[PDB]
Amino acid sequence: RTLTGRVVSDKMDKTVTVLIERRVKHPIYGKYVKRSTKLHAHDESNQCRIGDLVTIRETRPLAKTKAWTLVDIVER
Amino acid sequence: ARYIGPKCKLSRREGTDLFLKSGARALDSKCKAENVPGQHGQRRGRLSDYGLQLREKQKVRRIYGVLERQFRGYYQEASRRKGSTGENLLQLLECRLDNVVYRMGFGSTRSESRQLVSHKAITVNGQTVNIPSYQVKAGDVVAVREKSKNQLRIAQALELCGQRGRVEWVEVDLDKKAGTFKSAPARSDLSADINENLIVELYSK
Amino acid sequence: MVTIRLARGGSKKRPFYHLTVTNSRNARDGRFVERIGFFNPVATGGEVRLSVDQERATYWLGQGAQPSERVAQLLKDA
Amino acid sequence: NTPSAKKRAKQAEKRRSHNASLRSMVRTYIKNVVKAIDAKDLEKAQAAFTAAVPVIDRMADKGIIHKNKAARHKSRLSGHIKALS
RNA sequence: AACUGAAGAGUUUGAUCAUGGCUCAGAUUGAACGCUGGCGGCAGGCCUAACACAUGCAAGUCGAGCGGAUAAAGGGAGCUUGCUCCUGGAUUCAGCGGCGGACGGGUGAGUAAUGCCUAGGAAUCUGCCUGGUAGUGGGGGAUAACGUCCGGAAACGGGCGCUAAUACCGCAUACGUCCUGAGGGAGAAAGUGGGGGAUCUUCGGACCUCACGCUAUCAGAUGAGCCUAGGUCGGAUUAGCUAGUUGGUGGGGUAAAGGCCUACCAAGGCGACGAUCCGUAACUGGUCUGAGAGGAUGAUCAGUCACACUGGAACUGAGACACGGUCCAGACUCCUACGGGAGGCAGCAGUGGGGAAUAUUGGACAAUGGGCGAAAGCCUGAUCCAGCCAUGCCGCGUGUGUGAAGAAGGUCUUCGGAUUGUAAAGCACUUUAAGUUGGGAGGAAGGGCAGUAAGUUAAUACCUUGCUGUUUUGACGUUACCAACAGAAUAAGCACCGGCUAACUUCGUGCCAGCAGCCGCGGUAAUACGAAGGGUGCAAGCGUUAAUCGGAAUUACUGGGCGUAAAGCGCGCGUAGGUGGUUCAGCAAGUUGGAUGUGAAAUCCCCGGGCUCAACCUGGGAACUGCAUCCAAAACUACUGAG
Ligand SMILES: [Mg+2]
Ligand SMILES: [Mg+2]
Ligand SMILES: [Mg+2]
Ligand SMILES: [Mg+2]
Ligand SMILES: [Mg+2]
Ligand SMILES: [Mg+2]
Ligand SMILES: [Mg+2]
Ligand SMILES: [Mg+2]
């Protein structure tokens, strides 16, 4: 289990925010829409930029509404 | 619920022989089957298109003696089985016990065979059956109970088997009165006056 | 505790039991862990009275399943 | 009612009063250590820590506090004595 | 084992084609009502006031935990038929304790969310069960009962005096446990019962053995608590919402991660992919229609959640913030000596009330199950069974044959007849169900007692286990089922008949009364109103009303439209978003194929098997369209690199 998204926020302290896109299909009209997903990955070293491409995985909860962490930065 | 009442009058509307009266005396002498019953037995003209399908369904339903709650129950078991619901609807009416007593020839009417079953006088596998709905299988040795083998209702009816012949899927023994249902009938021993393509179409709409 | 006991299915005056393994504080007809056989007292003709499978009964009885009074004999008479 | 619920009613205060004595005694031997930390006392807290470990653990196997709760005070209070060195 | 259906009609007009509404034919319900009414199987029965409740009963059990008081048989003596006392003691239960009342039964008020489904994972707990491992050493102080005093209308409360335990508390020891930094430090226990070779001794006892119980701990199952991701009704004439609010740090707190809590720090967080707010509603496996796609809907059965007169709150405990527990506040009934008390049928019956509308103050513990004791036994309004109600599905009767002078009798008529009609009558047979009499299984596994053989042992003493022998047990119950007797006797309605639509003529009535699902009939000849004959549909039922889905290609994904029938913004530019010319190369996110884990059981479907058949019950398979993890393929789309 390993996801991938891009960063939109650096405002908080040791906390980053990703967007994970997703193509689900519509159940009756047979068309693939795009619907988003927005998590709070636990940053660890205050070193990611707005516009990166990072990789997350799931741990036990660290604060509330923050259970995902940072694996590694893939590309700028 | 049976049908108790006049019995030429059913044969007199549909306009056929229909084999309801018992003896071989005469059709259209006890009956006078020339006309539609009732007062206005002379006026006729243009049976409706729905009325033709109901007239075919009511004909088959009065040869055998079912009612419609039972008759639609046979129609469900026809559409369950594989292929040719018209033929399957007939072969569930042939395997019924009151028909096979009539085919062996243990009665004059078909309604007489219903009464001989109903008074426990008929056995199927060596044990008593008194239900006029028992679906018999291939190879069931229908025999007559020994307490009533001396009834003249059965003895006289075997001379009424002379105007009938054997239907060539049974065999009857005129000494011990123990018939044997050999196999299922085919779609050649049944008369072509009944139609398997009007009753099926009636139960759609 | 877990236990091996008999359910009850069928009409009036014609029972048909089921060898189930259940947690003890459940209903009769409620939930169960799994089912392993049946028991038909009024079996006649081609019907089979006892139909226990010895594989899962080897498994559960080695882990503290606790049988009933009738099941004390039905596993015995196999 | 029953003559059996009225027995479990009388048998509740005889344990409520009994457990409260065994429960509050634990907390007095813990507040003696914590009030001795705040005055920056190295050997005063060390004496209180010694004669309060047997009081907590003897009240643990009686079944008053749970055994993982007694495992929690002993870890943290050691972490404040090594911070006075 | 794998498996198939799809119908139209009437109505806008002098008439026609089209667009478009409306209405009917179908299958269904926890149904209600009107007319009528023989039977048996299998089912179901407060959908409204979660509105109040008279009276019965629904969770207790252990004397192989310990006091105490009842004291049998019997051992008796004595005295003269009976008492006296004595001796043992079997019973028996108010009290302390161990367990259990957190399971089983009930109801749908609340909640638009992580409640409930599906897929995952990490930070924990778990009495009774199973497998192990190490034990089960000694000691003390109180307490109810019972005494006795005092107070209270009671419901009860208070004091002094006495005794016991597997109650309670120190002390001793301890891994294979906790904390610690290695080093070191800390913590437990309970005994009763059956026997007995030897020996100490009052085999009071020690003693050995067995059964049981208890204390640490690891593992397994079982149950439980948490977190993530997704899906989850209508309203945009609801567009901004939020300061433990959103993160960080330090400290607390809980079995367990966390603003769970607190102190400072920082100014964030969510929102048009619909936040917030309003309105309603318990969800799910499934049921009902449909050819299918879908559409409605969550009665009985099963899983999960939420409540127990209203609002709070914790204790006890393995596990409750607890339906027959505790405390408080309130409302409402009742008691009282006026001081004070008592109670909670959304357990099974039942009453009142509401309403179109919904059942007996039953029978038992025999079965399956639970609780305690394993020693039998004891409790059980959950269960298993009966009673009531055409409330539904499935089955069977209400006779069968012969019989034309074609009888009366009825209705109609061109007056000739036709029709009711072989239908009756007459004649010959038959007796299921109901009635009556006799017979009669299966649901029964055990328990007691006795005997015997195995292994426990120091002792085949006890006890456990095979087996033998003997004895005992059913609410249902007059059982299903079988035989005999009576005699055709015991047993048919309901709507409709102008068109859709199967089936028709006379008589009253005359724009009156009346009919009606739509078209619409009735003004003096009505096949439409009211009757009478006749006839057609269904039957132990038939009709109307209410309510869903079909037909409706009438919200059109499968499957429609926009020149004039309703329907193209007055025209531009443009953000989010949707779609992408052409060559290679890469990649594998879509896509196809396969494997594994899952998708509870039931239900539906297929092949069988049992009840005289069927409904009903039941064995094996398919299916549950899903989601996740792996393996491969590379045409097309996406992404990447070059043109
Ligand atoms: Mg359709
Ligand atoms: Mg009640
Ligand atoms: Mg018996
Ligand atoms: Mg009669
Ligand atoms: Mg009329
Ligand atoms: Mg449609
Ligand atoms: Mg533009
Ligand atoms: Mg299933």
# chains A, B, ... in the order shown; residues from 1 in each chain; ligands from 1
>>> closest_atom_pairs(of="chain E", to="ligand 4", cutoff="10 Å", atoms="only C-alpha atoms (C1' of nucleotides) and all ligand atoms", output="CSV")
residue,atom,partner,partner_atom_place_in_ligand_line,distance
E:398,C1',ligand 4,1 (Mg),6.8
E:399,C1',ligand 4,1 (Mg),7.4
E:488,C1',ligand 4,1 (Mg),5.7
E:489,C1',ligand 4,1 (Mg),6.3
E:490,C1',ligand 4,1 (Mg),7.2
E:491,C1',ligand 4,1 (Mg),6.9
>>> select_by_dssp(residues="chain D", states="alpha helix (DSSP H)", output="ChimeraX atom specification")
/D:5-37,42-50,53-61,67-81
>>> residues_around(residues="stretch 13-20 of chain C", least_positions_apart="5", cutoff="7 Å", atoms="only C-alpha atoms (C1' of nucleotides)", output="PyMOL selection string")
chain C and resi 4-8+32+34-40+42
>>> write_last_selection(atoms="C-alpha atoms", output="short mmCIF file (atom, residue, chain, number, x, y, z; two decimals), in the first residue's frame")
data_model
loop_
_atom_site.label_atom_id
_atom_site.label_comp_id
_atom_site.auth_asym_id
_atom_site.auth_seq_id
_atom_site.Cartn_x
_atom_site.Cartn_y
_atom_site.Cartn_z
CA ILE C 4 -20.74 -27.58 19.86
CA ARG C 5 -24.50 -27.86 20.10
CA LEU C 6 -27.68 -28.47 18.14
CA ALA C 7 -29.87 -25.97 16.31
CA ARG C 8 -33.47 -26.72 15.23
CA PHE C 32 -22.40 -19.19 14.64
CA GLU C 34 -19.35 -22.49 11.22
CA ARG C 35 -21.54 -25.55 10.65
CA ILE C 36 -20.31 -29.10 10.24
CA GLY C 37 -23.18 -31.57 9.94
CA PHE C 38 -26.77 -32.42 10.65
CA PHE C 39 -28.96 -34.87 12.52
CA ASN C 40 -32.33 -36.13 11.31
CA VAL C 42 -37.26 -38.93 11.64
#
>>> residues_near_ligand(ligand="ligand 1", cutoff="8 Å", atoms="only C-alpha atoms (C1' of nucleotides) and all ligand atoms", output="list in words")
residues 6, 290, 291 and 550 of chain E
>>> write_last_selection(atoms="N, CA, C and O atoms (P, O5', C5', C4', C3', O3' and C1' of nucleotides)", output="PDB file, in the first residue's frame")
ATOM      1  P     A E   6     -42.709 -12.571 -21.746  1.00  0.00           P
ATOM      2  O5'   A E   6     -42.729 -11.247 -22.623  1.00  0.00           O
ATOM      3  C5'   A E   6     -41.523 -10.736 -23.173  1.00  0.00           C
ATOM      4  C4'   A E   6     -41.600  -9.250 -23.394  1.00  0.00           C
ATOM      5  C3'   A E   6     -42.348  -8.828 -24.650  1.00  0.00           C
ATOM      6  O3'   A E   6     -43.047  -7.604 -24.418  1.00  0.00           O
ATOM      7  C1'   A E   6     -40.131  -8.031 -24.739  1.00  0.00           C
ATOM      8  P     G E 290     -44.160  -7.818 -13.793  1.00  0.00           P
ATOM      9  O5'   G E 290     -42.847  -7.227 -14.462  1.00  0.00           O
ATOM     10  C5'   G E 290     -42.897  -5.985 -15.136  1.00  0.00           C
ATOM     11  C4'   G E 290     -41.540  -5.556 -15.613  1.00  0.00           C
ATOM     12  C3'   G E 290     -40.759  -6.580 -16.396  1.00  0.00           C
ATOM     13  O3'   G E 290     -41.162  -6.673 -17.748  1.00  0.00           O
ATOM     14  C1'   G E 290     -39.371  -5.626 -14.776  1.00  0.00           C
ATOM     15  P     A E 291     -41.930  -7.979 -18.274  1.00  0.00           P
ATOM     16  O5'   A E 291     -40.791  -8.889 -18.904  1.00  0.00           O
ATOM     17  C5'   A E 291     -39.965  -9.709 -18.093  1.00  0.00           C
ATOM     18  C4'   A E 291     -38.777 -10.192 -18.871  1.00  0.00           C
ATOM     19  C3'   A E 291     -37.424  -9.704 -18.388  1.00  0.00           C
ATOM     20  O3'   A E 291     -36.893 -10.583 -17.419  1.00  0.00           O
ATOM     21  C1'   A E 291     -37.617  -9.433 -20.750  1.00  0.00           C
ATOM     22  P     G E 550     -41.955   1.011 -13.377  1.00  0.00           P
ATOM     23  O5'   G E 550     -42.097  -0.404 -14.075  1.00  0.00           O
ATOM     24  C5'   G E 550     -42.491  -0.488 -15.425  1.00  0.00           C
ATOM     25  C4'   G E 550     -43.394  -1.662 -15.680  1.00  0.00           C
ATOM     26  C3'   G E 550     -44.235  -1.571 -16.930  1.00  0.00           C
ATOM     27  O3'   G E 550     -43.507  -1.915 -18.090  1.00  0.00           O
ATOM     28  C1'   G E 550     -45.546  -2.359 -15.122  1.00  0.00           C
TER      29        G E 550
END
>>> residues_near_ligand(ligand="ligand 7", cutoff="9 Å", atoms="only C-alpha atoms (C1' of nucleotides) and all ligand atoms", output="MDAnalysis selection string")
chainID E and resid 572:574
>>> closest_residue(among="E:444, E:349, E:539, E:458", to="chain C", atoms="only C-alpha atoms (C1' of nucleotides)")
E:444
>>> residues_around(residues="residue A:18", least_positions_apart="6", cutoff="10 Å", atoms="only C-alpha atoms (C1' of nucleotides)", output="MDAnalysis selection string")
chainID A and resid 4:9 37:41 50:56
>>> write_last_selection(atoms="C-alpha atoms", output="mmCIF file, in the first residue's frame")
data_model
loop_
_atom_site.group_PDB
_atom_site.id
_atom_site.type_symbol
_atom_site.label_atom_id
_atom_site.label_comp_id
_atom_site.auth_asym_id
_atom_site.auth_seq_id
_atom_site.Cartn_x
_atom_site.Cartn_y
_atom_site.Cartn_z
ATOM 1 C CA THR A 4 1.375 9.322 -4.729
ATOM 2 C CA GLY A 5 0.207 12.911 -4.954
ATOM 3 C CA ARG A 6 1.364 16.505 -5.244
ATOM 4 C CA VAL A 7 1.757 19.093 -2.514
ATOM 5 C CA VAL A 8 -0.446 22.182 -2.218
ATOM 6 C CA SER A 9 0.370 23.520 1.262
ATOM 7 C CA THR A 37 -8.754 13.382 -2.524
ATOM 8 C CA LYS A 38 -7.002 15.639 0.002
ATOM 9 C CA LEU A 39 -5.029 14.210 2.934
ATOM 10 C CA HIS A 40 -2.744 15.511 5.680
ATOM 11 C CA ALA A 41 0.524 13.643 5.401
ATOM 12 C CA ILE A 50 4.449 23.743 -2.903
ATOM 13 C CA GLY A 51 4.398 21.881 -6.193
ATOM 14 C CA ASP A 52 6.387 18.738 -5.480
ATOM 15 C CA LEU A 53 5.558 15.114 -6.306
ATOM 16 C CA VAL A 54 5.786 12.980 -3.176
ATOM 17 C CA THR A 55 4.899 9.544 -1.810
ATOM 18 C CA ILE A 56 2.883 8.668 1.288
#
>>> residues_around(residues="stretch 72-85 of chain B", least_positions_apart="2", cutoff="10 Å", atoms="only C-alpha atoms (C1' of nucleotides)", output="PyMOL selection string")
(chain B and resi 66-70+87-93+196-197+199-200+203) or (chain E and resi 3-4)
>>> atom_distance(atom1="atom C1' of residue E:283", atom2="atom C1' of residue E:116")
5.3 Å
>>> residues_near_ligand(ligand="ligand 8", cutoff="12 Å", atoms="only C-alpha atoms (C1' of nucleotides) and all ligand atoms", output="list in words")
residues 285, 286, 302, 599, 600, 601, 602, 603, 604, 623 and 624 of chain E
>>> residues_around(residues="residue E:470", least_positions_apart="5", cutoff="12 Å", atoms="only C-alpha atoms (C1' of nucleotides)", output="PyMOL selection string")
chain E and resi 448-451
>>> interface_residues(of="chain B", to="chain E", cutoff="6 Å", atoms="only C-alpha atoms (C1' of nucleotides)", output="list in words")
residues 38, 39, 118, 119, 129 and 134 of chain B
>>> write_last_selection(atoms="N, CA and C atoms", output="PDB file, in the first residue's frame")
ATOM      1  N   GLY B  38     -78.713 -21.517 -24.434  1.00  0.00           N
ATOM      2  CA  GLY B  38     -79.425 -20.347 -23.983  1.00  0.00           C
ATOM      3  C   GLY B  38     -80.648 -20.061 -24.820  1.00  0.00           C
ATOM      4  N   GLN B  39     -81.200 -18.875 -24.587  1.00  0.00           N
ATOM      5  CA  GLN B  39     -82.361 -18.431 -25.343  1.00  0.00           C
ATOM      6  C   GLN B  39     -81.989 -18.143 -26.788  1.00  0.00           C
ATOM      7  N   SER B 118     -60.976 -41.154  -5.396  1.00  0.00           N
ATOM      8  CA  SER B 118     -61.350 -40.451  -4.179  1.00  0.00           C
ATOM      9  C   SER B 118     -61.859 -41.369  -3.082  1.00  0.00           C
ATOM     10  N   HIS B 119     -62.265 -42.593  -3.402  1.00  0.00           N
ATOM     11  CA  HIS B 119     -62.723 -43.521  -2.379  1.00  0.00           C
ATOM     12  C   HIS B 119     -61.713 -44.630  -2.128  1.00  0.00           C
ATOM     13  N   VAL B 129     -53.505 -44.444  -2.847  1.00  0.00           N
ATOM     14  CA  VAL B 129     -53.472 -43.040  -3.242  1.00  0.00           C
ATOM     15  C   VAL B 129     -54.899 -42.589  -3.505  1.00  0.00           C
ATOM     16  N   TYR B 134     -52.086 -36.794  -8.523  1.00  0.00           N
ATOM     17  CA  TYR B 134     -50.819 -37.476  -8.331  1.00  0.00           C
ATOM     18  C   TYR B 134     -50.115 -37.650  -9.668  1.00  0.00           C
TER      19      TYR B 134
END
>>> residues_near_ligand(ligand="ligand 3", cutoff="10 Å", atoms="only C-alpha atoms (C1' of nucleotides) and all ligand atoms", output="PyMOL selection string")
chain E and resi 441-444+473-474
>>> write_last_selection(atoms="C-alpha atoms (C1' of nucleotides)", output="PDB file, in the first residue's frame")
ATOM      1  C1'   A E 441     -45.990 -46.231  15.987  1.00  0.00           C
ATOM      2  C1'   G E 442     -42.391 -42.114  16.220  1.00  0.00           C
ATOM      3  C1'   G E 443     -40.479 -37.839  18.668  1.00  0.00           C
ATOM      4  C1'   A E 444     -36.274 -41.830  24.433  1.00  0.00           C
ATOM      5  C1'   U E 473     -39.426 -41.150  31.595  1.00  0.00           C
ATOM      6  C1'   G E 474     -44.055 -37.766  26.691  1.00  0.00           C
TER       7        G E 474
END
>>> residues_near_ligand(ligand="ligand 5", cutoff="10 Å", atoms="only C-alpha atoms (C1' of nucleotides) and all ligand atoms", output="number ranges by chain")
E: 497, 515, 526-531
>>> residues_around(residues="residue D:66", least_positions_apart="6", cutoff="10 Å", atoms="only C-alpha atoms (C1' of nucleotides)", output="list in words")
residues 59 and 60 of chain D; 255 of chain E
>>> residues_near_ligand(ligand="ligand 2", cutoff="9 Å", atoms="only C-alpha atoms (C1' of nucleotides) and all ligand atoms", output="PDB file with N, CA and C atoms (P, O5', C5', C4', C3', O3' and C1' of nucleotides), in the first residue's frame")
ATOM      1  P     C E 345     -42.629  -1.262  33.811  1.00  0.00           P
ATOM      2  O5'   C E 345     -42.653  -0.976  32.249  1.00  0.00           O
ATOM      3  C5'   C E 345     -43.871  -0.987  31.524  1.00  0.00           C
ATOM      4  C4'   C E 345     -44.152  -2.334  30.907  1.00  0.00           C
ATOM      5  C3'   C E 345     -45.255  -2.362  29.864  1.00  0.00           C
ATOM      6  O3'   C E 345     -44.796  -1.983  28.589  1.00  0.00           O
ATOM      7  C1'   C E 345     -45.585  -4.122  31.400  1.00  0.00           C
ATOM      8  P     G E 347     -41.415  -4.094  27.883  1.00  0.00           P
ATOM      9  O5'   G E 347     -40.854  -5.530  27.519  1.00  0.00           O
ATOM     10  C5'   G E 347     -41.736  -6.549  27.084  1.00  0.00           C
ATOM     11  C4'   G E 347     -41.176  -7.919  27.347  1.00  0.00           C
ATOM     12  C3'   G E 347     -42.193  -9.043  27.328  1.00  0.00           C
ATOM     13  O3'   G E 347     -42.419  -9.534  26.021  1.00  0.00           O
ATOM     14  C1'   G E 347     -40.945  -9.169  29.309  1.00  0.00           C
ATOM     15  P     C E 348     -43.843  -9.348  25.311  1.00  0.00           P
ATOM     16  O5'   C E 348     -44.662 -10.614  25.800  1.00  0.00           O
ATOM     17  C5'   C E 348     -44.093 -11.910  25.725  1.00  0.00           C
ATOM     18  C4'   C E 348     -44.955 -12.925  26.422  1.00  0.00           C
ATOM     19  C3'   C E 348     -46.438 -12.699  26.265  1.00  0.00           C
ATOM     20  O3'   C E 348     -46.933 -13.184  25.035  1.00  0.00           O
ATOM     21  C1'   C E 348     -45.947 -13.097  28.534  1.00  0.00           C
ATOM     22  P     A E 349     -48.222 -12.502  24.379  1.00  0.00           P
ATOM     23  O5'   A E 349     -49.425 -13.176  25.154  1.00  0.00           O
ATOM     24  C5'   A E 349     -50.502 -12.389  25.621  1.00  0.00           C
ATOM     25  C4'   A E 349     -51.185 -13.034  26.793  1.00  0.00           C
ATOM     26  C3'   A E 349     -52.430 -12.327  27.274  1.00  0.00           C
ATOM     27  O3'   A E 349     -53.573 -12.625  26.500  1.00  0.00           O
ATOM     28  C1'   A E 349     -51.050 -12.743  29.111  1.00  0.00           C
ATOM     29  P     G E 350     -54.351 -11.445  25.743  1.00  0.00           P
ATOM     30  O5'   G E 350     -54.956 -10.584  26.934  1.00  0.00           O
ATOM     31  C5'   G E 350     -55.853 -11.169  27.864  1.00  0.00           C
ATOM     32  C4'   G E 350     -56.071 -10.278  29.055  1.00  0.00           C
ATOM     33  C3'   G E 350     -56.583  -8.890  28.749  1.00  0.00           C
ATOM     34  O3'   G E 350     -57.976  -8.872  28.525  1.00  0.00           O
ATOM     35  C1'   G E 350     -54.824  -8.755  30.309  1.00  0.00           C
TER      36        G E 350
END
>>> residues_near_ligand(ligand="ligand 6", cutoff="8 Å", atoms="only C-alpha atoms (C1' of nucleotides) and all ligand atoms", output="PDB file with N, CA and C atoms (P, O5', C5', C4', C3', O3' and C1' of nucleotides), in the first residue's frame")
ATOM      1  P     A E 552     -46.120   1.060 -23.702  1.00  0.00           P
ATOM      2  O5'   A E 552     -45.379   2.022 -22.679  1.00  0.00           O
ATOM      3  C5'   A E 552     -45.362   3.425 -22.902  1.00  0.00           C
ATOM      4  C4'   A E 552     -44.477   4.146 -21.923  1.00  0.00           C
ATOM      5  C3'   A E 552     -43.776   3.275 -20.893  1.00  0.00           C
ATOM      6  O3'   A E 552     -42.537   3.881 -20.563  1.00  0.00           O
ATOM      7  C1'   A E 552     -45.123   4.846 -19.795  1.00  0.00           C
ATOM      8  P     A E 553     -41.162   3.120 -20.841  1.00  0.00           P
ATOM      9  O5'   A E 553     -40.675   3.737 -22.219  1.00  0.00           O
ATOM     10  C5'   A E 553     -39.864   4.896 -22.216  1.00  0.00           C
ATOM     11  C4'   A E 553     -39.938   5.683 -23.499  1.00  0.00           C
ATOM     12  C3'   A E 553     -41.253   5.628 -24.277  1.00  0.00           C
ATOM     13  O3'   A E 553     -41.541   6.925 -24.786  1.00  0.00           O
ATOM     14  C1'   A E 553     -39.465   5.118 -25.698  1.00  0.00           C
ATOM     15  P     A E 556     -35.101   7.679 -17.662  1.00  0.00           P
ATOM     16  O5'   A E 556     -34.617   7.936 -19.151  1.00  0.00           O
ATOM     17  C5'   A E 556     -33.682   7.069 -19.760  1.00  0.00           C
ATOM     18  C4'   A E 556     -33.805   7.086 -21.257  1.00  0.00           C
ATOM     19  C3'   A E 556     -33.077   8.197 -21.982  1.00  0.00           C
ATOM     20  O3'   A E 556     -31.720   7.871 -22.187  1.00  0.00           O
ATOM     21  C1'   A E 556     -35.221   7.782 -22.939  1.00  0.00           C
TER      22        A E 556
END
>>> closest_atom_pairs(of="chain E", to="chain D", cutoff="8 Å", atoms="only C-alpha atoms (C1' of nucleotides)", output="JSON lines")
{"residue": "E:178", "atom": "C1'", "partner": "D:71", "partner_atom": "CA", "distance": 6.6}
{"residue": "E:179", "atom": "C1'", "partner": "D:74", "partner_atom": "CA", "distance": 6.1}
{"residue": "E:186", "atom": "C1'", "partner": "D:54", "partner_atom": "CA", "distance": 6.3}
{"residue": "E:187", "atom": "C1'", "partner": "D:57", "partner_atom": "CA", "distance": 6.2}
{"residue": "E:188", "atom": "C1'", "partner": "D:61", "partner_atom": "CA", "distance": 7.9}
{"residue": "E:255", "atom": "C1'", "partner": "D:68", "partner_atom": "CA", "distance": 7.0}
{"residue": "E:315", "atom": "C1'", "partner": "D:16", "partner_atom": "CA", "distance": 7.0}
{"residue": "E:316", "atom": "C1'", "partner": "D:12", "partner_atom": "CA", "distance": 5.8}
{"residue": "E:324", "atom": "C1'", "partner": "D:1", "partner_atom": "CA", "distance": 6.0}
{"residue": "E:325", "atom": "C1'", "partner": "D:5", "partner_atom": "CA", "distance": 6.6}
{"residue": "E:326", "atom": "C1'", "partner": "D:9", "partner_atom": "CA", "distance": 7.2}
